[PDB]
Ligand SMILES: [Zn+2]
């Protein structure tokens with residue numbers, strides 16, 4: 001099974017998942033000098049009021065907060081998108097110290113962590129089916145920048161003791177994912193992929209320009225998770241970020257510019 005270790009990490013993924021060297025891999029560095037304006041782009045529309053969070057799960061690579069996606073209760077529209085996209089889950093990536101951990105980077109600048117809010121195109125019947133299509137998924141990426149303690153985030157971090165090891169899950173109702181958004185939805189967008197195996201090239205990326213905050217003390221909580229299952233030898237979730245991949249023949253577009 002793949003991981004982030006020296007012997008199963010990002011550098012090795014291409015063996016079991018050759019699409020790792022595909023034409024549209026994520027994440028990427030966003031060079032702000034090379035970002036294009038596009039009048040076809042629209043403001044991002046997030047409709048999360050009716051969202052109902054189900055549970056929080058440790059899957060051995062990160063942790064996920066799952067949402068009810070059986071109806072249009074938490075949907076993403078416009079931005080670069082056509083149609084309706086349902087929120088299925090969010091999860092995080094982070095690094096071993098505060099100076100690194102984001103997957104996307106801006107002019108090479110790394111944030112301490114990154115939040116990925118994962119959505120699927122209701123044109124397909126479900127998440128799994130959508131993931132197999134180039135227009136199937138839309139992921140909103142949000143940077144976590146070290147500074148002030150974040151009370152919204154803290155609610156998530158308060159649950160982590162319950163899911164320390166791989167396979168553990170806990171009830172996590174009434175979490176508003178809109179509480180993990182910044183107050184400006186300016187974005188960069190490009191066509192890409194999942195940043196974890198199977199690295200499917202089915203994601204329209206929407207990376208928010210403006211980060212949310214996280215304290216250094218809060219960041220300590222992320223790294224107390226275990227990659228390993230209960231009973232197995234301890235391996236701390238110190239880092240789980242894929243590095244920047246080549247942009248190749250893609251163009252990053254910016255809204256409002
Ligand atoms: Zn992710």
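What to note about this one:
- Relative contact order, percent, the range 116-167 [alpha-carbon distance under 8 Å, six or more residues apart]: 30
- Residues in the range 20-64 that a label on residue 223 would reach, taking backbone N under 20 Å of a point 7 Å out along Cα→Cβ: 60-63
- The chain shape via C-alpha gyration tensor axes, a/c threshold 1.5: rounded
- With 0.36 nm allotted per residue and the present C-alpha distance subtracted, the residue 16-residue 68 stretch has 15.6 nm of extension available.
- Residue of 42, 110, 15 that the Gaussian network model of the chain assigns the largest fluctuation, springs spanning Cα pairs under 10 Å: 15
- Taking all Cα pairs closer than 8 Å and separated by 6 or more residues, the relative contact order of the range 192-257 comes to 18 percent.
- Across the chain, Cα pairs under 8 Å and at least six residues apart give a relative contact order of 27 percent.
- Sorted by Cβ density within 10 Å, fewest first, the residues 119, 7, 14: 7, 14, 119
- MRE, 222 nm, helices only [DSSP H, n ≥ 4, -39500 (n - 2.57), over the chain, to nearest 500]: -2000 deg cm²/dmol
- Among beta bridges from DSSP that stay inside the chain, the antiparallel ones total about 80%.
- Packing-based exposure ordering (other Cβ within 10 Å, fewest first) of 165, 82: 82, 165
Ideal geometry is used to build each Cβ from the backbone, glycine not excepted, and the neighbour counts take in all protein chains shown. Each reported figure results from applying straightforward, stated rules to the coordinates on display, with no laboratory input.
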